[PDB]
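Asks: To be precise about what I am sending: the file is called protein_10.cif and holds mmCIF, C-alpha atoms and all ligand atoms.
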data_upload
loop_
_atom_site.label_atom_id
_atom_site.label_comp_id
_atom_site.auth_asym_id
_atom_site.auth_seq_id
_atom_site.Cartn_x
_atom_site.Cartn_y
_atom_site.Cartn_z
CA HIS A 3 91.86 111.28 108.91
CA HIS A 4 93.61 107.88 108.56
CA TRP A 5 91.39 104.80 108.80
CA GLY A 6 91.16 102.73 111.95
CA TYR A 7 88.55 101.03 114.10
CA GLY A 8 87.39 103.93 116.23
CA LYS A 9 84.00 105.67 116.16
CA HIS A 10 85.35 108.37 113.85
CA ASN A 11 87.57 106.41 111.45
CA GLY A 12 86.12 102.89 111.63
CA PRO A 13 84.63 100.42 109.05
CA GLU A 14 81.50 102.52 108.50
CA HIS A 15 83.62 105.46 107.32
CA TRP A 16 85.95 103.51 105.00
CA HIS A 17 83.84 103.92 101.87
CA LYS A 18 84.67 107.64 101.76
CA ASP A 19 88.35 107.04 101.01
CA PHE A 20 87.94 103.54 99.50
CA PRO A 21 84.70 103.36 97.42
CA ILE A 22 85.31 99.65 96.84
CA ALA A 23 84.08 99.18 100.44
CA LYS A 24 80.57 98.86 98.97
CA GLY A 25 81.72 96.51 96.20
CA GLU A 26 80.29 93.27 94.87
CA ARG A 27 82.67 90.80 96.59
CA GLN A 28 83.51 92.32 99.96
CA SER A 29 84.67 90.36 103.02
CA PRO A 30 84.10 89.15 105.65
CA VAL A 31 80.69 87.44 105.32
CA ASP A 32 78.43 85.34 107.51
CA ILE A 33 78.69 81.68 106.65
CA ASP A 34 75.17 80.19 106.56
CA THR A 35 75.97 76.49 106.97
CA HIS A 36 72.54 75.49 105.69
CA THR A 37 72.76 77.23 102.31
CA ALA A 38 76.44 76.53 101.67
CA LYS A 39 76.75 74.15 98.70
CA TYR A 40 78.62 70.92 99.17
CA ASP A 41 80.90 70.70 96.14
CA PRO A 42 82.24 67.12 95.74
CA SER A 43 84.60 68.31 93.01
CA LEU A 44 86.60 70.47 95.45
CA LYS A 45 90.04 68.91 95.93
CA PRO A 46 91.76 68.56 99.33
CA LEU A 47 93.91 71.46 100.56
CA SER A 48 97.68 71.10 100.28
CA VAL A 49 99.60 73.12 102.86
CA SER A 50 103.38 72.78 102.56
CA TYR A 51 104.92 74.78 105.41
CA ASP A 52 107.87 72.54 106.31
CA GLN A 53 110.39 74.89 104.68
CA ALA A 54 108.84 78.11 106.00
CA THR A 55 111.25 80.88 107.02
CA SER A 56 109.91 83.50 109.44
CA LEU A 57 111.87 86.75 109.59
CA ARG A 58 110.23 89.42 111.66
CA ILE A 59 107.21 90.41 113.71
CA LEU A 60 105.86 93.94 113.35
CA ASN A 61 103.22 96.17 114.94
CA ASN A 62 101.79 98.06 111.97
CA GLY A 63 99.23 100.10 113.86
CA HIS A 64 96.25 97.85 113.08
CA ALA A 65 97.56 94.38 113.99
CA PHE A 66 100.89 92.58 114.27
CA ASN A 67 102.23 90.68 111.25
CA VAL A 68 104.74 87.81 111.31
CA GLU A 69 106.57 88.09 107.98
CA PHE A 70 108.06 85.24 105.97
CA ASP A 71 110.74 85.03 103.30
CA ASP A 72 108.70 84.67 100.08
CA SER A 73 111.54 84.93 97.55
CA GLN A 74 111.12 81.20 96.81
CA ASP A 75 108.54 78.41 97.15
CA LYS A 76 109.29 77.61 100.83
CA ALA A 77 105.83 77.79 102.41
CA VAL A 78 103.05 77.35 99.88
CA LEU A 79 99.36 76.57 99.56
CA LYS A 80 97.69 74.77 96.66
CA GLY A 81 94.88 72.34 96.01
CA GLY A 82 91.38 73.06 97.24
CA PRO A 83 89.61 75.57 94.95
CA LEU A 84 92.97 76.91 93.83
CA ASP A 85 94.68 76.82 90.48
CA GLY A 86 98.41 77.36 90.89
CA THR A 87 100.81 77.85 93.77
CA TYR A 88 100.40 80.61 96.34
CA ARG A 89 103.30 81.72 98.63
CA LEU A 90 102.87 82.64 102.28
CA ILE A 91 103.98 86.23 102.90
CA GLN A 92 102.55 86.92 106.40
CA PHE A 93 99.97 85.96 109.00
CA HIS A 94 98.12 88.14 111.52
CA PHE A 95 95.10 88.07 113.82
CA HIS A 96 91.90 90.06 114.43
CA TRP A 97 90.58 89.96 118.01
CA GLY A 98 88.08 91.51 120.38
CA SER A 99 87.99 93.38 123.67
CA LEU A 100 85.87 90.53 125.06
CA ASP A 101 85.85 86.76 124.33
CA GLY A 102 82.45 86.99 122.64
CA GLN A 103 83.73 88.91 119.62
CA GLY A 104 86.87 89.30 117.53
CA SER A 105 86.47 87.15 114.42
CA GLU A 106 85.62 88.75 111.08
CA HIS A 107 83.81 85.81 109.50
CA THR A 108 80.95 84.35 111.54
CA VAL A 109 79.29 80.90 111.25
CA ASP A 110 75.50 81.00 111.47
CA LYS A 111 76.00 84.44 113.08
CA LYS A 112 78.38 83.01 115.70
CA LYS A 113 81.39 85.26 116.45
CA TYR A 114 84.62 83.72 117.79
CA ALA A 115 87.24 85.35 120.07
CA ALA A 116 89.70 85.91 117.23
CA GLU A 117 90.55 84.97 113.65
CA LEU A 118 93.94 84.12 112.17
CA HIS A 119 94.72 85.08 108.56
CA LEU A 120 97.54 83.38 106.62
CA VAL A 121 98.03 85.53 103.51
CA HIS A 122 99.40 83.98 100.29
CA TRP A 123 99.92 85.42 96.78
CA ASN A 124 99.67 83.69 93.38
CA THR A 125 103.21 83.04 92.10
CA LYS A 127 102.26 83.36 88.44
CA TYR A 128 102.12 87.10 89.10
CA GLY A 129 105.75 87.54 90.17
CA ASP A 130 105.30 89.69 93.26
CA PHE A 131 102.69 90.60 95.88
CA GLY A 132 102.06 94.00 94.34
CA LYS A 133 101.18 92.52 90.94
CA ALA A 134 99.07 89.85 92.60
CA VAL A 135 96.78 92.51 94.13
CA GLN A 136 95.79 93.55 90.62
CA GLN A 137 94.22 90.18 89.84
CA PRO A 138 90.83 88.59 90.73
CA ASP A 139 92.67 85.40 91.69
CA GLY A 140 95.79 87.07 93.04
CA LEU A 141 95.49 86.12 96.71
CA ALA A 142 94.47 83.14 98.85
CA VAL A 143 93.84 83.63 102.54
CA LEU A 144 93.46 80.80 105.01
CA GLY A 145 91.13 81.83 107.83
CA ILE A 146 91.20 80.01 111.16
CA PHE A 147 88.87 80.78 114.08
CA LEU A 148 90.16 80.88 117.66
CA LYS A 149 87.96 79.96 120.64
CA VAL A 150 88.91 80.44 124.31
CA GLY A 151 89.75 77.25 126.20
CA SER A 152 93.02 75.34 126.44
CA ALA A 153 96.30 77.06 125.62
CA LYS A 154 97.78 76.53 122.17
CA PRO A 155 101.44 75.52 122.73
CA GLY A 156 102.60 76.60 119.29
CA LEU A 157 101.26 80.11 119.87
CA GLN A 158 103.31 80.93 122.98
CA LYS A 159 106.42 82.19 121.15
CA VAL A 160 104.27 84.86 119.50
CA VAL A 161 102.62 85.86 122.79
CA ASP A 162 106.00 86.20 124.56
CA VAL A 163 107.48 88.56 121.98
CA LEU A 164 104.52 91.02 122.00
CA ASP A 165 106.17 92.87 124.87
CA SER A 166 108.89 94.06 122.46
CA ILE A 167 106.48 95.43 119.83
CA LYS A 168 103.89 97.17 122.00
CA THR A 169 103.59 100.29 119.87
CA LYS A 170 103.06 101.15 116.21
CA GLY A 171 106.18 100.95 114.05
CA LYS A 172 108.17 98.67 116.34
CA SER A 173 109.49 95.38 114.99
CA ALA A 174 111.60 92.50 116.33
CA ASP A 175 113.54 89.64 114.72
CA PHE A 176 111.36 86.53 114.81
CA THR A 177 113.12 83.67 113.06
CA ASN A 178 112.53 79.94 113.15
CA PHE A 179 108.79 80.08 113.88
CA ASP A 180 106.81 77.12 112.55
CA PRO A 181 103.31 78.07 111.32
CA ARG A 182 102.21 74.42 111.42
CA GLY A 183 101.68 74.82 115.14
CA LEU A 184 98.61 76.96 114.48
CA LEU A 185 96.71 74.54 112.23
CA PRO A 186 93.64 72.65 113.46
CA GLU A 187 93.42 68.89 113.03
CA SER A 188 91.02 68.84 110.08
CA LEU A 189 91.39 70.77 106.85
CA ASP A 190 87.66 70.78 105.90
CA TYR A 191 86.67 74.23 104.64
CA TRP A 192 84.22 76.71 103.09
CA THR A 193 85.36 78.89 100.19
CA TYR A 194 83.97 81.92 98.37
CA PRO A 195 85.38 84.85 96.32
CA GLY A 196 86.06 87.95 98.44
CA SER A 197 88.39 90.82 99.42
CA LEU A 198 90.97 92.11 101.91
CA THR A 199 89.24 93.20 105.13
CA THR A 200 91.20 96.40 105.73
CA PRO A 201 91.84 99.20 103.21
CA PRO A 202 92.60 99.10 100.29
CA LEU A 203 89.90 96.34 100.51
CA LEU A 204 90.92 94.92 97.11
CA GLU A 205 88.70 92.18 95.64
CA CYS A 206 91.50 89.79 94.81
CA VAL A 207 90.97 87.06 97.44
CA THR A 208 89.87 83.43 97.34
CA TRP A 209 88.90 82.84 100.94
CA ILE A 210 89.42 79.42 102.49
CA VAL A 211 87.86 79.32 105.96
CA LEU A 212 88.56 76.21 108.03
CA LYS A 213 85.56 74.56 109.67
CA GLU A 214 87.51 73.56 112.80
CA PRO A 215 88.70 76.32 115.16
CA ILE A 216 91.80 76.08 117.34
CA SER A 217 91.60 76.92 121.04
CA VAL A 218 93.83 79.33 122.96
CA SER A 219 93.88 80.20 126.66
CA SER A 220 92.30 83.28 128.22
CA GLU A 221 95.82 84.37 129.23
CA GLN A 222 97.08 84.04 125.64
CA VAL A 223 94.39 86.28 124.04
CA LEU A 224 94.81 88.62 127.04
CA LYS A 225 98.32 89.48 125.91
CA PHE A 226 97.03 90.39 122.40
CA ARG A 227 94.81 93.00 124.07
CA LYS A 228 97.83 94.73 125.64
CA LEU A 229 99.18 96.00 122.33
CA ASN A 230 98.68 99.61 121.29
CA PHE A 231 97.28 101.12 118.07
CA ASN A 232 99.33 104.24 118.83
CA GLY A 233 103.01 104.94 118.42
CA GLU A 234 105.49 105.37 121.27
CA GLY A 235 105.04 108.58 123.24
CA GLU A 236 101.44 109.14 122.13
CA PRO A 237 98.22 108.72 124.14
CA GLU A 238 97.63 105.01 124.70
CA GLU A 239 94.85 103.33 122.73
CA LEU A 240 94.56 99.57 123.32
CA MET A 241 94.62 97.41 120.19
CA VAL A 242 91.27 95.62 120.56
CA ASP A 243 88.31 95.05 118.24
CA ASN A 244 90.37 95.32 115.04
CA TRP A 245 87.76 93.42 113.00
CA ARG A 246 85.36 94.39 110.19
CA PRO A 247 81.63 93.50 110.41
CA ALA A 248 80.10 90.96 107.97
CA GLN A 249 79.25 92.24 104.47
CA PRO A 250 76.33 91.38 102.10
CA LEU A 251 76.94 88.13 100.26
CA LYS A 252 75.24 89.50 97.12
CA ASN A 253 75.68 87.35 93.98
CA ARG A 254 77.94 84.78 95.64
CA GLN A 255 77.77 81.12 96.53
CA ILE A 256 79.68 79.69 99.48
CA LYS A 257 80.90 76.18 98.77
CA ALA A 258 81.73 73.59 101.43
CA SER A 259 84.36 70.90 100.94
CA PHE A 260 82.40 68.66 103.29
CA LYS A 261 78.91 67.39 104.05
HG HG B 301 92.16 92.34 92.55
ZN ZN B 302 93.16 89.84 108.35
#
Could you quickly redo this structure as structure tokens?
Replies:
Amino acid sequence: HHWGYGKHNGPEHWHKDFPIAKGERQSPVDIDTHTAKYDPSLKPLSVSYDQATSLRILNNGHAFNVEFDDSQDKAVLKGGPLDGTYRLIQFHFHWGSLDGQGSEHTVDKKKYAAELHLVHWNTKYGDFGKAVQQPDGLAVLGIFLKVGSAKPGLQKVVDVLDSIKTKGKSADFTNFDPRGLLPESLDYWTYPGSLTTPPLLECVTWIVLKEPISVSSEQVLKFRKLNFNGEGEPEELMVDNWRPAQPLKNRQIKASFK
């Protein structure tokens, strides 16, 4: 029926409705740190989130998205391997049922507890919908989360989850600062890829940060209390909403560091 992460509608079934699932630049991928090419020409990343405007948080049935006002250049990403300005439209997470899994990208086969995706679209294309029709239409910042100390800047998100337990529910979520989720260093790996959930469009320039942020056991625990299902339906815990690593094929992963 509709895609999901269960045994009957999970990642291994996606190709039937979305043939691109077996494409040439699918994500996520395993990052082999020993064959990644240090590219000294890669410029530093420029994250300008000081004027970001969060608007709402929403349980969409596969994750929860925090949406931002992208009608103007308020929170943008540029620099790095990018040409042009990309606007932040939303961020979400992928997590596991256990601390030993949850991330989509892996480093030398290592899986993290979760992975944060900050989705941006290339402004030269006018809107998000037009951006998804271009090979350089999107830029996604991937940040790994490991279990340890609590992340202060993440608590506001955790506290509001109670209000959006089921699919379709949303809540106002203004004045949230995404800078509170960034690690200290901006060193990264980058390769050409795709969205990790259907439609799985190959329009993404992935920028995966080398340094993960840490969150407490109690913080990721609240993520696991969300439901894939809508209100009044049989409860299905929202856990393991991640896609397995895909073949790298004819692609080179470049590192901004050495
Ligand atoms: Hg595309
Ligand atoms: Zn994602």
Asks: Using only C-alpha atoms, which residues sit within 9 Å of residue 187 of chain A once same-chain residues fewer than 2 positions away are excluded, as JSON, numbers by chain?
Replies: {"A": [185, 189, 214, 216]}
Asks: Between A:33, A:141, A:60, A:184, which has the minimum distance to residue 156 of chain A (counting only C-alpha atoms)?
Replies: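 Residue with the minimum atom-to-atom distance to residue 156 of chain A: A:184.
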Asks: Set the distance at 10 Å and use only C-alpha atoms: which residues neighbour residue 19 of chain A once local chain neighbours fewer than 5 positions away are removed? I'd like the list as an mmCIF file with C-alpha atoms, in the frame of the given file.
Replies:
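Once written, result.cif looks like this:
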data_model
loop_
_atom_site.group_PDB
_atom_site.id
_atom_site.type_symbol
_atom_site.label_atom_id
_atom_site.label_comp_id
_atom_site.auth_asym_id
_atom_site.auth_seq_id
_atom_site.Cartn_x
_atom_site.Cartn_y
_atom_site.Cartn_z
ATOM 1 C CA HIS A 3 91.860 111.280 108.910
ATOM 2 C CA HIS A 4 93.610 107.880 108.560
ATOM 3 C CA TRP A 5 91.390 104.800 108.800
ATOM 4 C CA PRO A 201 91.840 99.200 103.210
ATOM 5 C CA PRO A 202 92.600 99.100 100.290
#
Asks: Calculated over all atoms listed in the file, which of the candidates A:150, A:241, A:142, A:212 has the smallest distance to residue 260 of chain A?
Replies: A:212
Asks: Please list as a PyMOL selection string every residue within 10 Å of residue 167 of chain A, counting only C-alpha atoms and excluding residues in the same chain fewer than 2 positions away.
Replies: chain A and resi 59-62+66+163-165+169-174+229-230
Asks: Where does chain A meet ligand ZN 302 (chain B) within 9 Å, residue by residue, with the nearest atom pair and distance in Å to one decimal for each, counting all atoms listed in the file, listed by chain and rising number, as a Markdown table?
Replies:
| residue | atom | partner | partner_atom | distance |
| --- | --- | --- | --- | --- |
| A:65 | CA | B:ZN302 | ZN | 8.5 |
| A:93 | CA | B:ZN302 | ZN | 7.9 |
| A:94 | CA | B:ZN302 | ZN | 6.1 |
| A:95 | CA | B:ZN302 | ZN | 6.1 |
| A:96 | CA | B:ZN302 | ZN | 6.2 |
| A:106 | CA | B:ZN302 | ZN | 8.1 |
| A:117 | CA | B:ZN302 | ZN | 7.7 |
| A:118 | CA | B:ZN302 | ZN | 6.9 |
| A:119 | CA | B:ZN302 | ZN | 5.0 |
| A:120 | CA | B:ZN302 | ZN | 8.0 |
| A:121 | CA | B:ZN302 | ZN | 8.1 |
| A:143 | CA | B:ZN302 | ZN | 8.5 |
| A:145 | CA | B:ZN302 | ZN | 8.3 |
| A:198 | CA | B:ZN302 | ZN | 7.2 |
| A:199 | CA | B:ZN302 | ZN | 6.1 |
| A:200 | CA | B:ZN302 | ZN | 7.3 |
| A:245 | CA | B:ZN302 | ZN | 8.0 |
Asks: Can those selected residues be exported to a file as a PDB file, in the coordinates of the input so that it contains C-alpha atoms?
Replies:
ATOM      1  CA  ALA A  65      97.560  94.380 113.990  1.00  0.00           C
ATOM      2  CA  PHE A  93      99.970  85.960 109.000  1.00  0.00           C
ATOM      3  CA  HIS A  94      98.120  88.140 111.520  1.00  0.00           C
ATOM      4  CA  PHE A  95      95.100  88.070 113.820  1.00  0.00           C
ATOM      5  CA  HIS A  96      91.900  90.060 114.430  1.00  0.00           C
ATOM      6  CA  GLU A 106      85.620  88.750 111.080  1.00  0.00           C
ATOM      7  CA  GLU A 117      90.550  84.970 113.650  1.00  0.00           C
ATOM      8  CA  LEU A 118      93.940  84.120 112.170  1.00  0.00           C
ATOM      9  CA  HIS A 119      94.720  85.080 108.560  1.00  0.00           C
ATOM     10  CA  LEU A 120      97.540  83.380 106.620  1.00  0.00           C
ATOM     11  CA  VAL A 121      98.030  85.530 103.510  1.00  0.00           C
ATOM     12  CA  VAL A 143      93.840  83.630 102.540  1.00  0.00           C
ATOM     13  CA  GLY A 145      91.130  81.830 107.830  1.00  0.00           C
ATOM     14  CA  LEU A 198      90.970  92.110 101.910  1.00  0.00           C
ATOM     15  CA  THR A 199      89.240  93.200 105.130  1.00  0.00           C
ATOM     16  CA  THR A 200      91.200  96.400 105.730  1.00  0.00           C
ATOM     17  CA  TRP A 245      87.760  93.420 113.000  1.00  0.00           C
TER      18      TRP A 245
END
Asks: Which residues of chain A come within 9 Å of ligand HG 301 (chain B), and for each one, what is the closest pair of atoms and their distance in Å to one decimal, counting all atoms listed in the file, sorted by chain and residue number, as CSV?
Replies:
residue,atom,partner,partner_atom,distance
A:134,CA,B:HG301,HG,7.3
A:135,CA,B:HG301,HG,4.9
A:136,CA,B:HG301,HG,4.3
A:137,CA,B:HG301,HG,4.0
A:138,CA,B:HG301,HG,4.4
A:139,CA,B:HG301,HG,7.0
A:140,CA,B:HG301,HG,6.4
A:141,CA,B:HG301,HG,8.2
A:197,CA,B:HG301,HG,8.0
A:204,CA,B:HG301,HG,5.4
A:205,CA,B:HG301,HG,4.6
A:206,CA,B:HG301,HG,3.5
A:207,CA,B:HG301,HG,7.3
Asks: Can you tell me how far atom CA of residue 224 of chain A sits from atom CA of residue 49 of chain A, in Å to one decimal?
Replies: 29.1 Å
